[PDB]
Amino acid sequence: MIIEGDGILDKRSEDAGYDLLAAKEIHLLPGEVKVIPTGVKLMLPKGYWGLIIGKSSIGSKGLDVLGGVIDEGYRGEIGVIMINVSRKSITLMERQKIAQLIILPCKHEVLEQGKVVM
């Protein structure tokens, strides 16, 4: 996969996802939602999309990833939508691992308006 940028790491073959990094320091008070820039652009492989999902180490602090879908044709900078749903302030440091990207297959079906059975 072609990438451009400094915020995504090669993964081990036994891991599902690539680490995504914060491109700058981010402060999140309780309740705050911010789009965290990663500095990364990429060319997803044809036939696939990208799921941005939490790291367990980050989720255990009460930070959540909102949204999560990178469409095959998305070519701009990846932002991770992060919310502090905990009741303690958190600071994410520049270059800290904040989420992971997992590549999954796409399925395209026509929608047919009819009668749902069963």
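The term rigid core refers to the maximal set of C-alpha atoms that superpose within 1.5 Å between the two forms. All residue numbers refer to positions in the sequence shown, first residue = 1.
**Q** Please tell me which region, 87-95 or 48-56, has C-alphas lying farther from the displayed form on average in 7 other deposited structures of this protein, with superposition done on the core.
**A** Between 87-95 and 48-56, greater C-alpha deviation in 7 other deposited structures of this protein belongs to 87-95.
**Q** On a core superposition, give the stretch, 62-70 or 76-84, with the larger average C-alpha separation from this form in 7 other deposited structures of this protein (RMS over structures and residues).
**A** With the rigid core superposed, the C-alphas that lie farther in 7 other deposited structures of this protein are those of 62-70.
**Q** With reference to the PDB entry, specify whether the mean Cα temperature factor is higher for 47-55 or for 85-93.
**A** Between 85-93 and 47-55, it is 85-93 that shows the higher mean C-alpha B-factor.
**Q** Do the CA atoms of 72-80 or those of 38-46 have the higher mean B-factor in the entry?
**A** The stretch with the larger average C-alpha B-factor is 72-80.
**Q** Please rank the C-alpha B-factors of the chain's modelled residues and tell me whether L29 sits in the lowest, middle or highest third.
**A** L29: CA B-factor falls in the middle third of its chain.
**Q** Looking at the C-alpha B-factor of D10, is it in the lowest, middle or highest third of its chain?
**A** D10: CA B-factor falls in the middle third of its chain.
**Q** Lowest, middle or highest third: where is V110 by Cα B-factor in its chain?
**A** Ranked within chain, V110 CA B lands in the highest tercile.
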